[PDB]
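This report refers to the structure that appears directly beneath it.
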Amino acid sequence: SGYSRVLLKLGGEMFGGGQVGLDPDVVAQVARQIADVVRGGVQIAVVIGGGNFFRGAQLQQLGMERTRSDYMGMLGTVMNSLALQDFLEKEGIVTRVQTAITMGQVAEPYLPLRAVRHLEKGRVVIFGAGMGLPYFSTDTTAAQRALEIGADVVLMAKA
Amino acid sequence: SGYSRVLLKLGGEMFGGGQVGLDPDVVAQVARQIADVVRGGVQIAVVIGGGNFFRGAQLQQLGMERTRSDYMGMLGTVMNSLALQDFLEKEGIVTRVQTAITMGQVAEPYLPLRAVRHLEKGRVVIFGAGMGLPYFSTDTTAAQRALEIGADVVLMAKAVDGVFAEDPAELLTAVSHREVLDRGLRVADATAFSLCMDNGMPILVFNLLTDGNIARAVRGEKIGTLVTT
Amino acid sequence: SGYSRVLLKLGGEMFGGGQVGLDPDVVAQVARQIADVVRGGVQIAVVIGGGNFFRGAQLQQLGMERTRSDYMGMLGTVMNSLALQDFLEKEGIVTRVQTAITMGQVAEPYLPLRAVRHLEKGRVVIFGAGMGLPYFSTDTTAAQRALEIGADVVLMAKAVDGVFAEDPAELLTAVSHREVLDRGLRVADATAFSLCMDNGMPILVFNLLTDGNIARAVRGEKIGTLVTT
Amino acid sequence: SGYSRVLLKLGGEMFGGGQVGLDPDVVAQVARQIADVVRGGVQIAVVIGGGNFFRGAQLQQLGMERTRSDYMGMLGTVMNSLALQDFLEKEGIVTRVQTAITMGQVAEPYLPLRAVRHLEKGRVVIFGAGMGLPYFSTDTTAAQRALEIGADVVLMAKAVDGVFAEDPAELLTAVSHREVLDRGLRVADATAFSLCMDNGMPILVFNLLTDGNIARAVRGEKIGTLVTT
Amino acid sequence: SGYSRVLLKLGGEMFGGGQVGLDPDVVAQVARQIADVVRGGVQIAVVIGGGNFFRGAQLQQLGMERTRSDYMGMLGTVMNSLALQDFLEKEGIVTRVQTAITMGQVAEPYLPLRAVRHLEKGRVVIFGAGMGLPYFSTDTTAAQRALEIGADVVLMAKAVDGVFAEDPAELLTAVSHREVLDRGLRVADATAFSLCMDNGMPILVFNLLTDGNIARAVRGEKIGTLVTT
Amino acid sequence: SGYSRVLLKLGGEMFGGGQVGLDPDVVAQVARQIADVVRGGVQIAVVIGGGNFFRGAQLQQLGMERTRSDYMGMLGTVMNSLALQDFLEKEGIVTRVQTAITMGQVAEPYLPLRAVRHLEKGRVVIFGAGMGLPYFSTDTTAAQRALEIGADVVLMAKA
Ligand SMILES: O=c1ccn([C@@H]2O[C@H](COP(=O)(O)OP(=O)(O)OP(=O)(O)O)[C@@H](O)[C@H]2O)c(=O)[nH]1
Ligand SMILES: O=c1ccn([C@@H]2O[C@H](COP(=O)(O)OP(=O)(O)OP(=O)(O)O)[C@@H](O)[C@H]2O)c(=O)[nH]1
Ligand SMILES: O=c1ccn([C@@H]2O[C@H](COP(=O)(O)OP(=O)(O)OP(=O)(O)O)[C@@H](O)[C@H]2O)c(=O)[nH]1
Ligand SMILES: O=c1ccn([C@@H]2O[C@H](COP(=O)(O)OP(=O)(O)OP(=O)(O)O)[C@@H](O)[C@H]2O)c(=O)[nH]1
Ligand SMILES: O=c1ccn([C@@H]2O[C@H](COP(=O)(O)OP(=O)(O)O)[C@@H](O)[C@H]2O)c(=O)[nH]1
Ligand SMILES: O=c1ccn([C@@H]2O[C@H](COP(=O)(O)OP(=O)(O)O)[C@@H](O)[C@H]2O)c(=O)[nH]1
Ligand SMILES: O=c1ccn([C@@H]2O[C@H](COP(=O)(O)OP(=O)(O)O)[C@@H](O)[C@H]2O)c(=O)[nH]1
Ligand SMILES: O=c1ccn([C@@H]2O[C@H](COP(=O)(O)OP(=O)(O)O)[C@@H](O)[C@H]2O)c(=O)[nH]1
Ligand SMILES: O=c1ccn([C@@H]2O[C@H](COP(=O)(O)OP(=O)(O)O)[C@@H](O)[C@H]2O)c(=O)[nH]1
Ligand SMILES: O=c1ccn([C@@H]2O[C@H](COP(=O)(O)OP(=O)(O)O)[C@@H](O)[C@H]2O)c(=O)[nH]1
């Protein structure tokens with residue numbers, strides 16, 4: 001019955017609604033759901049994707065380098081992470097965004113010990129930038145994060 | 001007559017085609033123009049915008065916080081910078097991308113002296129992430145970067161052939177910063193234009209889409225609008 | 001009532017006493033004032049200026065390059081920041097120094113989220129190196145830092161009792177940004193004032209040297225000049 | 001005959017003229033001397049001091065913490081390094097500035113192999129921030145840098161004509177490290193002199209202000225004091 | 001009576017057992033001693049040596065260049081630091097390793113303020129790569145690090161119970177720096193001892209192998225040799 | 001007949017002679033051989049190991065972390081690279097040492113374009129620090145370097 005540590009897999013559709021970009025309504029309602037579950041006394045780590053901006057397969061079909069395409073996708077994931085952080089902060093929630101790409105001015109570097117400390121402090125963890133390396137999927141990143149931070153359950157958003 | 005160091009300011013429309021996202025054809029033609037002007041033998045620093053992804057004021061009035069909105073806009077600027085770098089390097093042009101927000105795995109940090117050296121080595125110096133500070137714009141980013149790298153001119157690449165007396169109109173040719181302020185034209189943002197006028201930096205608003213326009217402007221042909229002093 | 005988050009702005013006079021170098025007495029006075037304000041329970045970010053060492057415009061007038069002059073001025077700001085950190089640690093106040101120019105061994109890189117967390121934890125957050133870019137100034141640095149951290153007010157520390165109608169003879173009390181622009185008053189430079197007006201950050205110009213003035217201003221007493229929206 | 005690789009050592013007097021701050025005339029004289037030496041075909045690494053701004057020992061005597069005082073002094077050395085770089089670029093000499101404290105935007109991190117390569121390529125290699133560690137001094141910095149890059153001589157630039165037997169009255173010509181230690185002469189501080197003696201690096205103390213003295217010393221003429229093995 | 005901040009200098013013998021390489025048992029017992037003294041409630045910075053791998057003077061007299069010899073020695077120091085960190089963390093002790101030679105993937109860079117914060121957080125601050133500069137030793141590295149982090153004492157961990165009047169002899173108890181210089185004892189290298197004496201840093205030479213010796217020295221029990229002033 | 005770009009795989013035995021440490025005689029004679037082949041008009045990239053100092057299997061058997069053990073091994077490889085660079089410089093050869101671990105004060109970061117430029121300039125390339133990541137072998141690093149820098153032949157030293 002229930003869980004204590006949940007990793008929520010959010011995709012670009014959860015931030016775009018099908019259209020390319022950012023739709024404040026969908027992100028606001030998913031932030032409301034996360035607020036409900038976190039006030040229900042659960043620890044939440046949300047791993048965020050960037051399909052609403054870019055995908056490596058589509059950029060390779062357009063004819064760009066795989067490494068550059070994956071870095072652009074990770075940047076899109078970080079943008080979605082910032083948007084979700086803002087919408088969660090609008091509901092009185094303390095959130096910590098960790099990016100696998102070291103961008104200190106934007107967020108904090110990925111550290112599983114810091115992440116589990118934040119989870120134990122009640123803060124909502126937001127894993128962006130994927131795994132920080134090319135040739136990876138956000139589902140693989142979600143599995144790795146769940147295995148590392150000891151998340152007892154993984155739940156994927158659906159449309 | 002002629003500019004050796006140009007700072008090409010490319011707004012988000014130059015990557016999105018007026019829409020939201022990335023347009024491969026517009027980026028390809030911009031890359032072709034940049035490659036032509038590089039093979040002409042010019043030192044070019046390209047300041048990227050992110051209006052095709054996000055704007056801080058727009059997101060703030062939508063409801064989001066200005067700081068995170070600005071950081072999302074700067075990340076979109078970095079994405080556009082990466083796209084332009086890929087398209088330029090698809091044509092044999094050596095490009096170095098520098099971001100004012102330190103992201104080592106993505107691009108080298110902002111080193112102005114190394115950027116000047118890259119320019120002297122015949123490389124296109126792409127400037128992303130703006131100035132790395134919220135409550136600012138890519139226009140003042142372009143002004144500051146052009147002033148620091150000692151650029152000869154700031155080439156504002158727009159979809160129109162130049163600035164007009166009133167939005168649809170007469171297309172002006174050569175104006176001054178004081179005249180622009182008096183007439184209330186639209187060359188750049190308030191802070192950007194204030195800095196550019198205080199430091200006496202020549203601006204050249206021109207239509208980049210017309211083939212060879214950037215080459216003519218660099219060679220010194222009287223096209224577009226020249227805001228000088 | 002009163003301001004919970006203040007961004008103090010200290011100029012080179014607050015570290016040089018009107019001369020070139022460093023006067024320990026003035027820095028000790030500033031440290032005592034900031035210490036009692038912190039003991040009052042206020043979140044405070046200070047922004048340091050380096051006019052007591054170098055001004056980029058003056059060095060450019062002398063003949064040096066503007067970019068190098070600006071970097072020398074920013075290094076002077078970092079030096080004054082370290083001096084203030086020392087004098088504040090003498091008073092048992094925990095301080096965190098952040099420099100816009102990344103120098104990890106000397107201080108930590110500018111991280112606004114870390115700065116606001118340090119403000120929450122009762123630490124004085126000192127800002128050196130300005131904004132890290134040439135052609136700007138510490139007034140623009142103060143405005144941008146206050147906007148980004150979310151500071152309630154910007155406290156301009158001066159040696160005089162606020163903004164006057166005519167520099168030497170009337171002492172103003174409360175005005176607006178538009179009123180200051182119309183009357184041609186001097187609060188900050190053009191870029192900083194434009195940014196502050198566009199974002200509506202309240203400014204309080206007051207004499208820090210007089211004992212208790214900063215505490216009174218934080219509590220909300222009517223002292224100096226209050227430039228509001 | 002003569003020295004091919006020299007490590008010039010400039011103190012705060014060479015940038016302040018005996019006062020606090022920066023005197024452009026003395027820096028211009030130093031730049032002219034270094035420029036003509038480089039035009040002579042010599043590899044030169046300069047090491048900058050910051051006594052014209054701050055001394056850690058004096059600040060500790062005043063009451064500040066020694067570590068922070070030393071970091072302020074190193075930042076002052078970096079500022080003087082930037083001033084010298086500007087004045088050398090005014091003379092058309094290519095310079096590379098390396099700071100022991102990593103500040104990538106201002107200069108490049110201290111890389112000895114890069115420094116010797118820059119020396120090979122005809123660039124003056126300027127060293128700021130000392131050795132990057134507190135409690136040391138620019139004399140120790142000069143000794144260590146000369147040992148590491150492989151400089152043939154260490155040229156101590158002073159305002160007097162070399163080392164004297166008694167500070168104000170005899171002017172020495174050539175001595176050894178042991179002779180200097182026995183007679184109690186002043187060339188460098190204890191740590192730098194100990195390191196130099198243990199490694200046998202030749203020292204030449206001479207007046208840089210007099211025109212052509214550094215060129216004569218590089219060619220091999222007998223001027224100033226030569227402390228050899 | 002008692003030291004709160006200790007800088008434990010561990011020579012290469014403490015990792016090699018007198019041989020060349022790494023001895024797991026000696027490192028394990030050193031880690032046990034450090035863990036005991038940490039659980040005693042002390043702030044400890046451990047400066048590592050690399051004599052069990054290489055010495056610059058030895059390689060120079062063998063024929064290799066001094067600079068590369070010193071860099072190999074510093075890399076061996078970093079390897080010993082990593083081994084000590086692993087053995088300490090095998091016992092539940094939180095250790096932070098800092099190297100004066102920037103190697104991000106191996107260890108965090110040398111940040112003295114962050115190291116002091118780690119000490120205040122009850123973490124063992126390991127110092128590797130010496131001071132990152134050739135023509136220096138881990139003894140002067142230890143002296144400089146202890147002076148900068150404001151350590152209470154420098155604990156020289158040797159295989160003997162203290163310094164003697166002559167190598168095999170009377171074991172001294174409490175001496176001064178001047179007395180050590182006059183008697184020609186062996187506490188540290190020339191430069192290291194000069195710096196330590198000039199800055200008045202207390203040294204404590206003791207046998208680390210004897211269980212509880214470090215704990216007794218920290219608590220203030222009169223063991224080993226205390227070089228004070 | 002002959003080659004133009006040769007990748008020489010050197011192991012810790014080539015620097016120790018069986019004993020733990022550094023033996024100047026073996027490294028001096030291998031430097032003499034490299035001098036002969038480079039004056040014969042060949043481009044040489046030498047990938048160096050660190051078995052003379054440490055091995056991941058031995059350190060794991062002793063009971064240390066795999067990541068730390070591999071970093072110590074890479075540091076040993078860098079030390080061997082510095083020794084070989086010194087002994088090659090003793091014979092009037094320009095050598096460039098590239099380490100996969102970014103240690104700017106010691107050497108230059110690994111860049112295949114810079115490496116091939118140095119090879120075309122006649123300088124001898126010295127690949128140390130392996131591939132910069134744990135769980136890799138120096139033979140795997142040699143294969144990767146040969147495939148990247150376009151080395152036409154790979155030759156492994158033998159005892
Ligand atoms: O971190 C850094 C690196 C480099 N720089 C600055 O970059 C400029 C050159 O950056 P380079 O690395 O191009 O030096 P270089 O000109 O010597 O290049 P080569 O001759 O080897 O082709 C130099 O002026 C240096 O100070 C920095 O300011 N910071
Ligand atoms: O490099 C960094 C580190 C941290 N941060 C951001 O700074 C803010 C505070 O980072 P702190 O580490 O100062 O506070 P913390 O609450 O995150 O940890 P505790 O104090 O509870 O131990 C956090 O929101 C973090 O994401 C960065 O932006 N960059
Ligand atoms: O980060 C670095 C880069 C370079 N170096 C070392 O600096 C020395 C010179 O590095 P340079 O790049 O200045 O000279 P180069 O000869 O290596 O390249 P060209 O000038 O031929 O273009 C080389 O020996 C390199 O290994 C470092 O130690 N660290
Ligand atoms: O790059 C850096 C990072 C940190 N520092 C210096 O490290 C010291 C503390 O380093 P911390 O990162 O521990 O700051 P903190 O004390 O706020 O840690 P928490 O409260 O979040 O646990 C601060 O004094 C900072 O200036 C640097 O000097 N440079
Ligand atoms: O560790 C990671 C995380 C993300 N990505 C790239 O990020 C882009 C967008 O992420 P995804 O396609 O996984 O987003 P979703 O489909 O979950 O919205 C893709 O090109 C991925 O290759 C990557 O390469 N490595
Ligand atoms: O230095 C900078 C550059 C960009 N931005 C943010 O990124 C967005 C995109 O920049 P701009 O709007 O200047 O791009 P354009 O529409 O000219 O392409 C801006 O709205 C800001 O919110 C910023 O905050 N600081
Ligand atoms: O972002 C910044 C902030 C400051 N400065 C330099 O800082 C020096 C002194 O700062 P200011 O003139 O703002 O100091 P004040 O007059 O307030 O003492 C000037 O040379 C500026 O160029 C700079 O270059 N960039
Ligand atoms: O490695 C170094 C070199 C210099 N300095 C500081 O630099 C300042 C001025 O340097 P010096 O006293 O060597 O200058 P000079 O007397 O030669 O002008 C002093 O406060 C030193 O502490 C330092 O801390 N570490
Ligand atoms: O700051 C430092 C520390 C170490 N080393 C080199 O590393 C070797 C090992 O250090 P030491 O000889 O001081 O170690 P111990 O024998 O005391 O363990 C020295 O010989 C030097 O060549 C160096 O050059 N500078
Ligand atoms: O890319 C690399 C290169 C080396 N190593 C480690 O380096 C150590 C010594 O290297 P090796 O054992 O490959 O040396 P050799 O047997 O060639 O002398 C081993 O523990 C390897 O795991 C590693 O982990 N990754």
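A note on labels: chains of the structure tokens are A, B, ... as shown, every chain counts residues from 1, and ligands are counted from 1 in their shown order.
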Q | Close residues to ligand 2 using only C-alpha atoms and all ligand atoms, limit 10 Å, as a ChimeraX atom specification | A | /A:94-99,102-110,114-115,117-118,121,123,125-126 /C:108-121
What does the file look like for those residues with N, CA and C atoms, as a compact mmCIF listing (two decimals), in the first residue's frame?
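Okay, this is what ended up in result_1.txt:
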```
# COMPACT_ATOMS: atom_id res chain seq x y z
N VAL A 94 9.78 23.16 -1.71
CA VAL A 94 11.22 23.31 -1.87
C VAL A 94 11.72 22.23 -2.81
N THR A 95 12.32 22.65 -3.92
CA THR A 95 12.78 21.73 -4.96
C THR A 95 14.25 21.96 -5.24
N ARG A 96 14.95 20.86 -5.52
CA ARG A 96 16.37 20.89 -5.85
C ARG A 96 16.56 20.26 -7.22
N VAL A 97 17.11 21.02 -8.16
CA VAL A 97 17.33 20.57 -9.53
C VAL A 97 18.78 20.15 -9.67
N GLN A 98 19.00 18.91 -10.11
CA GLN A 98 20.33 18.37 -10.35
C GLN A 98 20.46 18.05 -11.83
N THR A 99 21.50 18.60 -12.46
CA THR A 99 21.79 18.35 -13.86
C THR A 99 23.08 17.56 -13.98
N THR A 102 27.48 19.85 -15.70
CA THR A 102 27.85 20.77 -14.63
C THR A 102 27.62 22.20 -15.09
N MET A 103 26.45 22.75 -14.74
CA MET A 103 26.12 24.16 -14.95
C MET A 103 25.79 24.75 -13.58
N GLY A 104 26.83 25.22 -12.89
CA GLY A 104 26.69 25.67 -11.51
C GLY A 104 25.80 26.87 -11.34
N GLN A 105 25.82 27.81 -12.29
CA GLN A 105 24.99 29.00 -12.16
C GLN A 105 23.51 28.68 -12.32
N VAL A 106 23.18 27.64 -13.08
CA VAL A 106 21.79 27.27 -13.28
C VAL A 106 21.31 26.34 -12.16
N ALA A 107 22.03 25.25 -11.93
CA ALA A 107 21.61 24.24 -10.97
C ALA A 107 22.85 23.69 -10.27
N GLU A 108 22.66 22.59 -9.53
CA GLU A 108 23.74 21.94 -8.82
C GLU A 108 24.15 20.65 -9.53
N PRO A 109 25.41 20.25 -9.43
CA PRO A 109 25.85 19.02 -10.09
C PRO A 109 25.19 17.79 -9.47
N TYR A 110 25.09 16.74 -10.28
CA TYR A 110 24.42 15.52 -9.85
C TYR A 110 25.25 14.82 -8.78
N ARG A 114 23.66 13.92 -2.05
CA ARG A 114 22.91 15.15 -1.90
C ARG A 114 21.44 14.96 -2.27
N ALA A 115 21.17 14.15 -3.30
CA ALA A 115 19.80 13.90 -3.71
C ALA A 115 19.01 13.19 -2.62
N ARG A 117 19.75 13.16 0.56
CA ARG A 117 19.61 14.10 1.66
C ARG A 117 18.44 15.05 1.43
N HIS A 118 18.31 15.57 0.21
CA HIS A 118 17.19 16.44 -0.12
C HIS A 118 15.86 15.69 0.01
N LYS A 121 14.96 15.41 3.51
CA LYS A 121 14.54 16.71 4.03
C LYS A 121 13.18 17.15 3.51
N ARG A 123 12.44 17.89 0.37
CA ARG A 123 12.55 18.60 -0.89
C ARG A 123 12.33 17.65 -2.06
N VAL A 125 13.22 16.32 -5.66
CA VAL A 125 14.42 16.27 -6.50
C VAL A 125 13.99 16.27 -7.96
N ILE A 126 14.69 17.05 -8.78
CA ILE A 126 14.39 17.16 -10.21
C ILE A 126 15.66 16.81 -10.97
N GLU C 108 34.20 31.87 -4.18
CA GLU C 108 33.44 30.89 -4.94
C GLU C 108 32.80 31.54 -6.16
N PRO C 109 32.54 30.76 -7.21
CA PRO C 109 31.89 31.33 -8.40
C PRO C 109 30.50 31.84 -8.07
N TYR C 110 30.06 32.85 -8.82
CA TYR C 110 28.77 33.47 -8.57
C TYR C 110 27.62 32.50 -8.82
N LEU C 111 27.00 32.04 -7.75
CA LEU C 111 25.83 31.16 -7.83
C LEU C 111 24.67 31.82 -7.09
N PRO C 112 23.68 32.36 -7.80
CA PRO C 112 22.60 33.09 -7.10
C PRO C 112 21.80 32.23 -6.13
N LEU C 113 21.55 30.97 -6.45
CA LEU C 113 20.82 30.10 -5.53
C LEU C 113 21.62 29.86 -4.26
N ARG C 114 22.93 29.63 -4.41
CA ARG C 114 23.79 29.52 -3.24
C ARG C 114 23.79 30.81 -2.43
N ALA C 115 23.77 31.96 -3.11
CA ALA C 115 23.76 33.24 -2.40
C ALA C 115 22.49 33.42 -1.59
N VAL C 116 21.33 33.08 -2.17
CA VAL C 116 20.09 33.23 -1.42
C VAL C 116 20.02 32.22 -0.28
N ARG C 117 20.58 31.01 -0.47
CA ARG C 117 20.64 30.06 0.63
C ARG C 117 21.53 30.57 1.76
N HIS C 118 22.67 31.18 1.41
CA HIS C 118 23.53 31.78 2.43
C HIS C 118 22.82 32.92 3.14
N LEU C 119 22.01 33.69 2.42
CA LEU C 119 21.20 34.73 3.06
C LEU C 119 20.22 34.12 4.04
N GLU C 120 19.59 33.00 3.66
CA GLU C 120 18.68 32.32 4.57
C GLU C 120 19.41 31.85 5.83
N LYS C 121 20.63 31.33 5.66
CA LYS C 121 21.40 30.82 6.79
C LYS C 121 22.07 31.92 7.62
```
Q) Neighbours of residue 158 in chain E within 12 Å (only C-alpha atoms; same-chain residues fewer than 4 positions away dropped), as a list in words? A)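 The residues that qualify are residues 8, 9, 10, 11, 12, 13, 14, 15, 17, 18, 30, 49, 162, 163, 186, 187, 188, 204, 205, 206, 207, 208, 209, 210, 213, 214, 224 and 225 of chain E.
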Please produce a file of the residues just selected, as a CSV table (one decimal), in the first residue's frame, where the atoms kept are N, CA, C and O atoms.
```
chain,number,residue,atom,x,y,z
E,8,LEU,N,48.9,16.7,10.1
E,8,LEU,CA,49.7,15.5,10.2
E,8,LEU,C,50.5,15.4,8.9
E,8,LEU,O,49.9,15.1,7.8
E,9,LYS,N,51.8,15.5,9.0
E,9,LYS,CA,52.7,15.3,7.9
E,9,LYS,C,53.1,13.8,7.9
E,9,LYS,O,53.8,13.4,8.8
E,10,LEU,N,52.7,13.1,6.8
E,10,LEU,CA,53.0,11.7,6.6
E,10,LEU,C,54.0,11.6,5.5
E,10,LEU,O,53.6,11.8,4.3
E,11,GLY,N,55.2,11.2,5.8
E,11,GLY,CA,56.2,11.0,4.7
E,11,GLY,C,56.0,9.7,4.0
E,11,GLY,O,55.2,8.8,4.3
E,12,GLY,N,56.8,9.5,2.9
E,12,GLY,CA,56.6,8.4,2.0
E,12,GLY,C,56.8,7.0,2.7
E,12,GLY,O,56.3,6.0,2.3
E,13,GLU,N,57.6,7.0,3.8
E,13,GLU,CA,57.8,5.8,4.5
E,13,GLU,C,56.6,5.3,5.2
E,13,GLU,O,56.3,4.1,5.3
E,14,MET,N,55.7,6.2,5.6
E,14,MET,CA,54.4,5.9,6.2
E,14,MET,C,53.5,5.1,5.2
E,14,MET,O,52.4,4.6,5.7
E,15,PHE,N,53.8,5.1,3.9
E,15,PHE,CA,53.0,4.4,3.0
E,15,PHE,C,53.8,3.2,2.3
E,15,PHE,O,53.2,2.2,1.9
E,17,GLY,N,56.5,1.6,3.9
E,17,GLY,CA,57.1,0.8,4.9
E,17,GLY,C,58.6,0.7,4.7
E,17,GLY,O,59.3,-0.3,5.0
E,18,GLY,N,59.2,1.8,4.2
E,18,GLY,CA,60.6,1.9,3.9
E,18,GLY,C,61.0,1.4,2.5
E,18,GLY,O,62.1,1.6,2.1
E,30,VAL,N,48.0,3.4,10.0
E,30,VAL,CA,48.0,4.9,10.0
E,30,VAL,C,46.5,5.4,9.9
E,30,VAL,O,46.2,6.3,10.6
E,49,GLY,N,53.3,12.7,1.6
E,49,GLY,CA,54.5,12.7,0.8
E,49,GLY,C,54.5,11.6,-0.3
E,49,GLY,O,53.6,10.8,-0.4
E,162,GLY,N,61.3,10.6,18.2
E,162,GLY,CA,61.5,12.0,18.3
E,162,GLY,C,62.9,12.2,17.7
E,162,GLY,O,63.6,11.4,17.2
E,163,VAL,N,63.3,13.5,17.7
E,163,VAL,CA,64.6,13.9,17.3
E,163,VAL,C,65.7,13.6,18.3
E,163,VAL,O,65.4,13.7,19.5
E,186,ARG,N,67.6,17.5,12.8
E,186,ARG,CA,66.9,17.2,11.5
E,186,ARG,C,65.4,17.1,11.9
E,186,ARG,O,64.8,16.1,12.2
E,187,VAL,N,64.7,18.3,11.7
E,187,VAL,CA,63.2,18.3,11.9
E,187,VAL,C,62.5,18.4,10.5
E,187,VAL,O,61.5,17.7,10.3
E,188,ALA,N,63.0,19.2,9.6
E,188,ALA,CA,62.5,19.4,8.3
E,188,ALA,C,63.5,19.9,7.3
E,188,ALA,O,64.7,20.2,7.7
E,204,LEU,N,55.7,19.1,16.2
E,204,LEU,CA,55.7,18.0,17.1
E,204,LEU,C,56.1,16.7,16.4
E,204,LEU,O,55.3,16.1,15.6
E,205,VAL,N,57.4,16.3,16.5
E,205,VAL,CA,57.9,15.1,15.9
E,205,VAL,C,57.6,13.9,16.8
E,205,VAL,O,57.9,13.9,18.0
E,206,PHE,N,56.9,12.9,16.3
E,206,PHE,CA,56.6,11.8,17.1
E,206,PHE,C,56.5,10.5,16.3
E,206,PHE,O,56.3,10.6,15.0
E,207,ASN,N,56.5,9.4,17.0
E,207,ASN,CA,56.4,8.1,16.3
E,207,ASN,C,54.9,7.7,16.2
E,207,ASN,O,54.2,7.5,17.2
E,208,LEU,N,54.4,7.7,14.9
E,208,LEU,CA,53.0,7.4,14.7
E,208,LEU,C,52.7,5.9,14.9
E,208,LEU,O,51.6,5.6,15.1
E,209,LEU,N,53.7,5.0,14.7
E,209,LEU,CA,53.5,3.6,14.8
E,209,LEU,C,53.0,3.2,16.1
E,209,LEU,O,52.2,2.2,16.2
E,210,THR,N,53.6,3.8,17.2
E,210,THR,CA,53.1,3.4,18.5
E,210,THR,C,51.7,3.8,18.7
E,210,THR,O,51.3,5.0,18.6
E,213,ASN,N,49.9,7.3,20.2
E,213,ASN,CA,50.8,8.4,20.3
E,213,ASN,C,50.2,9.7,19.8
E,213,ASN,O,50.3,10.7,20.4
E,214,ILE,N,49.5,9.6,18.6
E,214,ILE,CA,48.9,10.8,18.0
E,214,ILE,C,47.8,11.3,18.9
E,214,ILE,O,47.7,12.5,19.1
E,224,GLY,N,57.1,12.7,22.4
E,224,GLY,CA,57.8,13.1,21.3
E,224,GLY,C,58.7,14.3,21.5
E,224,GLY,O,59.0,14.7,22.7
E,225,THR,N,59.0,15.1,20.5
E,225,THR,CA,59.7,16.3,20.6
E,225,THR,C,58.9,17.5,20.1
E,225,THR,O,58.3,17.4,19.0
```
Q.
Among range 2-209 of chain B, which residues does DSSP mark as strand (DSSP E or B) when it is run on the backbone? Keep the chain and numbering as in the structure and answer as number ranges by chain.
A. B: 5-10, 43-48, 95-99, 108-109, 124-128, 153-158, 164, 171, 174-176, 203-207
Write out as a tab-separated table (two decimals) with C-alpha atoms, in the first residue's frame which residues come within 10 Å of residue 65 in chain E when counting only C-alpha atoms, dropping same-chain ones fewer than 6 positions away.
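File produced: out-v9.tsv:
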```tsv
chain	number	residue	atom	x	y	z
E	56	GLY	CA	63.24	15.08	-7.43
E	57	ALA	CA	66.82	15.37	-6.21
E	59	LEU	CA	66.09	11.50	-10.06
F	83	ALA	CA	59.76	9.47	-17.53
F	86	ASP	CA	62.37	12.98	-20.27
F	87	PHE	CA	64.41	10.12	-21.72
F	89	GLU	CA	64.10	14.64	-24.73
F	90	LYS	CA	67.58	13.53	-23.68
```
Q | Top pick for closest residue to residue 131 in chain B, considering B:23, B:198, B:221, B:70 and counting only C-alpha atoms | A |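 For residue 131 in chain B, the nearest of the given residues is B:70.
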Q: Could you list the residues in chain D lying within 9 Å of chain C, using only C-alpha atoms, and format the result as a ChimeraX atom specification?
A: /D:20-21,24,53-54,62,64-65,68-69,71-73,75-76,78-80,82-83,85-87,90,101-106,132
(Q) Can you pull out every residue with an atom within 9 Å of ligand 5? Use only C-alpha atoms and all ligand atoms and format it as number ranges by chain. (A) A: 9-15, 47-59, 66-67, 69-77, 100, 128-141
Q. What are the DSSP helix (DSSP H, G or I) residues of range 19-172 of chain E, as a PyMOL selection string?
A. chain E and resi 24-39+56-62+66-89+112-120+138-148
Q) Excluding same-chain residues fewer than 2 positions from residue 196 in chain E, what lies within 9 Å of it counting only C-alpha atoms, as a ChimeraX atom specification? A) /E:140,143-144,147,177,191-194,198-203
**Q.** Separation of CA of residue 45 in chain B from CA of residue 127 in chain B, in Å and rounded to one decimal
**A.**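 Distance between the two atoms: 7.1 Å.
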